[PDB]
Every structure is written in structure tokens, then in C-alpha cells.
Amino acid sequence: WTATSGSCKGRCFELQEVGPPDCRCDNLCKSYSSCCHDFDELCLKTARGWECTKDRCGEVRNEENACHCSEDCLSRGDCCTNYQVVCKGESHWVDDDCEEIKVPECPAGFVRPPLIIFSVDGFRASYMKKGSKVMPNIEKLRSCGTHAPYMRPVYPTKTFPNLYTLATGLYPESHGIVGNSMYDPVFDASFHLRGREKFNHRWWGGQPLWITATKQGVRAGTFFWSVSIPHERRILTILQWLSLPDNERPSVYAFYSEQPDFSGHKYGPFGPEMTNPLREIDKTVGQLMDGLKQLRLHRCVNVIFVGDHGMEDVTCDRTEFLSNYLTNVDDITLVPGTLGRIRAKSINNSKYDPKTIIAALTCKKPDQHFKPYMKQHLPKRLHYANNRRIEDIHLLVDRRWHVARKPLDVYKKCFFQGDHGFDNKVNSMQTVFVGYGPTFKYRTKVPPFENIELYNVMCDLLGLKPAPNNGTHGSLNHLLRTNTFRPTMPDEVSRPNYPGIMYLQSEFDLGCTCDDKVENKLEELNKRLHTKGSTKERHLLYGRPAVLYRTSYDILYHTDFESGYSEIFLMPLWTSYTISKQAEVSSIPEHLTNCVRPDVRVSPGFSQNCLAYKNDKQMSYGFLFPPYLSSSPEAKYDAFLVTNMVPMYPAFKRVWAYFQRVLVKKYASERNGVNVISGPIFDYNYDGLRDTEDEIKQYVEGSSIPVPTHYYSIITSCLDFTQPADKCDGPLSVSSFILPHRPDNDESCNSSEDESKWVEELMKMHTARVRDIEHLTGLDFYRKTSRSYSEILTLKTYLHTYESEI
Ligand SMILES: *[C@@H]1O[C@H](CO)[C@@H](O[C@@H]2O[C@H](CO)[C@@H](O[C@@H]3O[C@H](CO[C@H]4O[C@H](CO)[C@@H](O)[C@H](O[C@H]5O[C@H](CO)[C@@H](O)[C@H](O)[C@@H]5O[C@H]5O[C@H](CO)[C@@H](O)[C@H](O)[C@@H]5O)[C@@H]4O)[C@@H](O)[C@H](O[C@H]4O[C@H](CO)[C@@H](O)[C@H](O)[C@@H]4O[C@H]4O[C@H](CO)[C@@H](O)[C@H](O)[C@@H]4O)[C@@H]3O)[C@H](O)[C@H]2NC(C)=O)[C@H](O)[C@H]1NC(C)=O
Ligand SMILES: CC(C)(C)c1cc(S(C)(=O)=O)cc(-c2ccc(Cl)cc2)n1
Ligand SMILES: [Ca+2]
Ligand SMILES: [Cl-]
Ligand code: NA
Ligand code: NA
Ligand SMILES: [Zn+2]
């Protein structure tokens, strides 16, 4: 019930929302069907439109008008935004030359530069260049401020998950808005874009910027806008709030545009119909900036112009139907479109089986345009699993396509030409970032970054402590003139043991054999030196990784590689090695094919054993430092130590062996040497964070050897590739992966072919940030470089995407 008989007199766009049944006059009252009876009359005036004209100048105030052109309008804070241009001979902001804003130039009584976030739905990154001729205001913000060539959204690349990620710095799996449509099985409730369930607070996790601000005594404008409020009124409302007395005036504001997404869905991302929506958005930006200029705030406020996601060409005919694959299509519920999510239609159906659904959807048609995954097997960079609102079965849909359950869903539930939602590395889904104002840099281009980083920066711009989030605070310090956040490296928690030779060969009963009893004061001192760390500067180039949790581990040195060996997990946490451009690949010699060697520095009780692998008919083994890249026949023996061995399914060994034998050398050739750190990952509860020992679900049969769910590598070289990786004077360059450790290659439909035709494709799909590996391992990398820590934070957030140029 709403008692709509109250009034909006002196309450239009009030900031504190009133509770039912009292009627509302706020930004969202229309969305709740709750506005007072006179809200339209008083708060949505339209008379005489939005622009001053010559004959209106100095008019007698008429309170009915949508905006004013009378002499008193500046003191009232309600002139039309072009008032000074039309009536007082001023220029439009867009016509003024750009001039650096070295310090805030703010009116008396301003405690901090306000922040205005201007968000645009469906604003594909390439519109900044492609549309630049029709967007002069936006192009000025872009060229004069700080801009990225594109900003990466979160998956899925849908509006509500991305707006709420912008607000919170959280992945959707953590903030809980994992789609525009959701079912939560604990609430037994459904969330939809249409209707009332979405306003319930139980869906919205984390702490969004407006709450962070309010809790710390910084007043916020209402961020949300009912779709029917025209954009001109939204801007005039912001501008009126900026005229409030100091004690009443917000310091942070948001505008949102439903364009260009609205037209993009109808016309495609580059339909000829798209130029007009881009012009209209640019006109709105001009209204804001002219309005700020009238208020003498245009060199005071920080403005962020930011998008939620891009837009791709998608038409009805490019739809895959689950009814062409499944016998049981009526026993499943599908959340359809540019991603698929499947669960049982009925929890009482005991014949429902996810394994048979996945198999029926796997590599069934030659050009199949989606791929099924259990959610824990999705690329870890998506961070899309740890939430009960995310169904166990996920379909990753190829760009330009849709998946649906049955054909009747697509013609009885063809008009549209654009959509979005795909994998967040796809070029068409990239969106925009420009920052302009005293706190941002002047005429500065920054590399692409992820939208999870922006909450921390918005907190920095407002002097707020951010709530715990998934950004890496300091990684965006290079966007800022001032207000940088200068963190300190985390403290190492566990220090390593440095074991020497402490065990005789006969103390070991591991079931291993090696033909290494084939046998000098000159060369023996030399090899003792290698076991002591004499080559460690060549192979550990950025310092030892720090271990950020409590554990027992040993540093083990070798001619060609260094490792941190866990006594608890019985394998290395990390293995580090450098491969120069001139490095030679060799074979594993015949007599060494089955060689595994006890490590006399590590007790039998803390070692793996070969007998467990013999007995486990599903499990084989690989090595973390590859025997193929040994520096010499004698050094190669080190690579067969039991302390370099890790459990690997034979299907996975196909992948790993190709990476090690072929790809490492290729990268060294292409990058002028590489440094490689590789290791296992254990994430059995798919929360993106290192498992403790009691979370491990699988072991090598009969043993305490834990099976990794993933294997990583971090491949680092000199950004200036004219210098070798091991003699690099300046910035670094990195690419990483987190490969799923699976007992089949069903993910790769072409895996019956030679590894040259499918393995690198798999590795690209599973590209990762160093930061993703840090979460998953509790390790902290790049501890010892000569680079600034914020520079290293940016490096750690880099994602190598393998998409061609935007
Ligand atoms: C991205 O950044 C975020 C933010 O930093 C990281 O997320 C944090 O991760 C922590 C570890 O997973 C987690 O810490 C836990 O918090 C529990 C208390 O949680 C509540 O309070 C906080 C603070 O206000 C709040 O934010 C939480 O909000 C979550 O839950 C509600 C309701 O479901 C949602 O609306 C909201 O969206 C959010 O959900 C998300 O996180 C939860 C986990 O909390 C997931 O389940 C959801 O899927 C979703 O992803 C909560 O309201 C606390 O109780 C936990 O403590 C247990 O474990 C510790 C181990 O240290 C142990 O000492 C305790 O005894 C305790 O164990 C007991 O409970 C167990 C489980 O029932 C049981 O098995 C035991 O036997 C014991 O009884 C724990 O400290 C923190 O909450 C989240 N925060 C957020 C916002 O998500 C995220 O990790 C980052 N991602 C990456 C990849 O780095
Ligand atoms: C997704 C929610 C409902 C929380 C939402 C709605 C709207 S709306 C379309 O304008 O109602 C705007 C924003 C918003 C979030 C973050 C940022 Cl930085 C700016 C704006 N968020
Ligand atoms: Ca985990
Ligand atoms: Cl043995
Ligand atoms: Na085996
Ligand atoms: Na396959
Ligand atoms: Zn859309």
C-alpha cells in the first residue's frame, strides 16, 4: 500500500527515501509505483524544454518552466545548462582549449573535489575512436584527461553484474549479482530485471560506494534513476544538488544512460542508427560540463566516464538449440542467451544426471557454437563459480551466438541485431574509461585494466577507506596526479629451511629406479656450489616468492632451477628457472625414461614414492622443471629428482609435455629469454583461494600425495625485448596461465590431432593474472626487483588476452 495523497512540494528528488506507506519523491519513486500525486507536476516540469533562447534571457521567472533563464537562476541553481552561453556571451565548455588542472579550483565551502560518475550502458570500447567525429565533448574529456584504450568488464558481460561490480570492487560470485536473471535455491526466490524481488536487500552483497561513503561521513547523491526520467532532468537534478548548502551537499554523484545499449540491441553495435544515440549522449555530457562551468566547478570536480560492457552482432538465426542435443530437454531449466546456465527442472526428479547432460553437449556438431562446463572447470580468470546462484552446468557461448532450449522460445517468447554477455576477454565486450579532473593526470593514456579496480580509485578520490574487495589497491596509481595509495608488500609468514645432504640413498624405499650409477675434484666442487645456490641469480630473477601462510617448506637449489618444496603437500609450491634465447632443447635419454631419483636433502617421510604411481592406474607424473631444457647432460639428472615430480593424468601430460618441450623454447626465442615460475594449485572448493590440507578431495591412490586441480606458469621477460630476460634494466612483461588438471581433453574438441593444433588454444583460454595465481597459492611474487611497487602491482594485474587489436 502507498498513501499517494502526501505531497512532493519542496521534496523533489529528495535524498533520504521515505518508508511506506508515505509517498516518495526520490529518484526511484516511479520504479516502485510510489510517487506522491503531484510528483510529475512539481518534479518533472518540461515546459519550454531544456535550452535558453535569446528571447528568454532575463525573463520574469515562471516556476512552471523546466529550467530558467531569468537573472536570478544562478543563485537558485536552476538555469538551463546553456544559460551563460545564450544570455551572458560565454563559450561552451567543449569550445574551450584544454588547460591542465594542476590543483582543484573549487568555490569556498567545498571540503573535497566532488566525484561525478557518468555511466553509459552498452558503450563498446571502440566507439571512442569510431564515433569520435560525432562526440566532441567526450573526445575532449578523453584527449585532455586520463583514458584507457579500453576497460575489461566482468563475466558475465551483463548490465546488473557489471554496474554492481563498479559499485563494490567485487566479482559477481562475491557480490551475488551473477546474472540479470537468477534463482537462489536457499531463498527459493527468483530475481528478474522486471518486477519487485530485485529490490529486496538480500540479493545485494558487499558494500557499494554510496554505503562506503555514507558510513565514513561523505554524503552521496542517489545513484539510481527511474528509466522514465529524461536525461536532461537527471543532469539538472545533479546540478541543483551541487548548489545545496555545504552541510547538505553530496560529494559523490552518478548519472546513468540506458543508451547506447538500447539502440545497440535493436540495430547492432555499428548499425547506421547508432550515430544518433552517440550524438545524444555527447550532448548530455556537454550539458553537464556547461552546467559545471556555470557553477565554477569545471576545474574542481573529478568526472569519470565509464561503461558497463560492449555490444556484439547477434541475430535470431545464430541460435543453438538444446533440443538438438538432449533427449530429456523438458527435464531441465535453461537460463538462455549469450551464456547458458542449466539446472534440473524438478528437484524431485531422480533421473536427472549432470554427467549425462554434459556428455550429450560435448563436441557433438563440427562447428558447435557453445561449450559445456561444470562451473569449477570454467577458466579461473572468469571467477565465476563460488556462489549458490550459479548453476553447476554452464555453457560458454561463442561471440555472435545464442543458446536456447527449444526453437519455440526464440519466435514465441525476429527483430534484434545486438547482444552482450559473452566471455569478458572478447573484444566486442570491452568498454570505456576516461577520468578528467584535478586528481587525474593530464593528456595521459594508461594501459587497459579491469573494472574491479575502479572501486578502490573512487574511494581514493573521496578520501574513503575501501571495504574488502577484489581490486589490487595501488595497481591504478598511475592514473592519478595525487591521492595515490601507497601500500607496503605483505610480510612473509613462513621462512624456508635450507637443507643440505642429510640422507643416504639406502634410507629410501620409494619403489623408484634410475640408471644414474654412471660415473673429480675440479667438477665436484662446482656441483656442490650449484646445490648451495651459486646459479640462483640466473634462475630466481625477482627474488624468492614469499609464503603468506604458515607451512613447512624447503628451498632446494640446482644448476638449472630453484624450488620451494612443501613438506606438507610433498611437492614444490613453485619452481623457478630461466631459459635464454640461445637455449637448446634436448630429449629425455632412453636410459632415463623411467628415472626418478631420491633427493638426499629431503627425508623419505617427506617424499613422494613411485609405487603409488605404479598402483594408481589413472594417475601418472610429470616434472615441474622440464628435463628437455637441461643445460647439460650431467645437469639433466637434477630434473628427475623425486622433489621435482608432480602428479599428472596422462591426458594432461599431453598438454604439459608440449608446453615444456615446444612452447617454452618458442617464447624464449620470441621474447629474448624468459623466466618461468611453475607450480601446482589446489582449489577443490572453487573459491579462487588456496586450499588448506583438509580441503583436498583426491590423492594419488593409497598415498598422502594430493592431486592438484590446476597447474600454473608465470612467464616473465623484459618489456624492452632488445634486452635479455636476465639482464633487463627497466619494466617487465608477463603472461601466465592456470591450466585445469583434467583426466581427459574433452574441453578440446580437436585433441585427437597433433598438440600443435590444440594445446596453445587451450592455454590461451586459460590465461591468467599473476594476481589470480597469488590468491590460489598464498604466494607473493616479484618481491625483489628494481621497479616501483605500484608498477609491480599493475604488472600483477595484467592479463594477456590474445585478442587482435580493438
Ligand atoms: C574477493 O574479495 C572478497 C572480499 O574480501 C573475498 O570474499 C571474502 O572471502 C572470505 C573467505 O571466503 C569471507 O570470509 C568469511 O566470512 C564469513 C562471514 O561472512 C559474512 O560477513 C561478511 C562481512 O560483512 C559479508 O561480506 C558476507 O557476505 C557474503 O555472504 C552473504 C550471504 O551469503 C552474501 O550476501 C554476500 O554476497 C557474500 O557472499 C559471498 O561470500 C560468501 C562467503 O562469506 C559465499 O558463501 C558466497 O558464495 C559469496 O561468494 C557474510 O554476510 C565467516 O563466517 C567465514 O568464517 C568461516 O571460515 C573461517 C576460516 O577462516 C573459520 O575461521 C570460521 O570458523 C568460519 O567457519 C565456520 O563456518 C563454516 C561455513 O559455514 C563451517 O564450515 C565451519 O565448520 C565453521 O562453523 C569467513 O571468514 C568473506 O565473507 C568474503 N566476503 C565477501 C563480500 O564475499 C573473496 O575471497 C575475493 N575473491 C578472491 C578470488 O580473492
Ligand atoms: C545495479 C544497480 C541497481 C545497483 C544500479 C542501478 C543504476 S540505475 C540503472 O542508474 O538505476 C546505477 C548503478 C550504478 C552503479 C555503480 C556506479 Cl559507479 C554507477 C551507477 N547501479
Ligand atoms: Ca579453495
Ligand atoms: Cl627408492
Ligand atoms: Na599410474
Ligand atoms: Na577432446
Ligand atoms: Zn543490453
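Residue numbers count from 1 along this sequence. We count ligands from 1, going down the list as the structure has it; atoms in each ligand are counted the same way. The analysis underlying the following values was restricted to heavy atoms, covering all of them including side chains, and did not include hydrogens, waters or symmetry mates.
No close placement of the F422 and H402 rings is indicated, their centers lying 6.0 Å or farther apart. Ring centers of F569 and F682: under 6.0 Å apart, within the cut-off.
Among heteroatoms of the N, O or S kind in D687, OD1 lies nearest the Ca ion (ligand 3). The Ca ion (ligand 3) is closest to atom OD1 of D683 (considering only N, O or S atoms). Nearest to the Ca ion (ligand 3), among the N, O or S atoms that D691 has, is OD1.
When distances to the Ca ion (ligand 3) are checked against a cut-off of 3.0 Å, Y686 contributes no N, O or S atom below that limit. Within the 3.0 Å limit, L689 places at least one N, O or S atom next to the Ca ion (ligand 3). The Na ion (ligand 6) has an N, O or S atom of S748 closer than 3.0 Å.
Here the closest non-hydrogen pair linking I681 and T777 is CG1-CG2, 3.7 Å.
The only option from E453, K796, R771 that meets the side chain to side chain donor-acceptor pair (under 3.5 Å) definition with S475 turns out to be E453.
The Na ion (ligand 6) is the vertex of the angle joining O of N745 and OG of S751, which measures 90° to the nearest 10°.
Counting only N and O atoms by type, the side chains of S748 and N750 include no donor and acceptor under 3.5 Å apart. For the residue pair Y373 and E747, a side-chain donor N or O sits within less than 3.5 Å of a side-chain acceptor on the partner.
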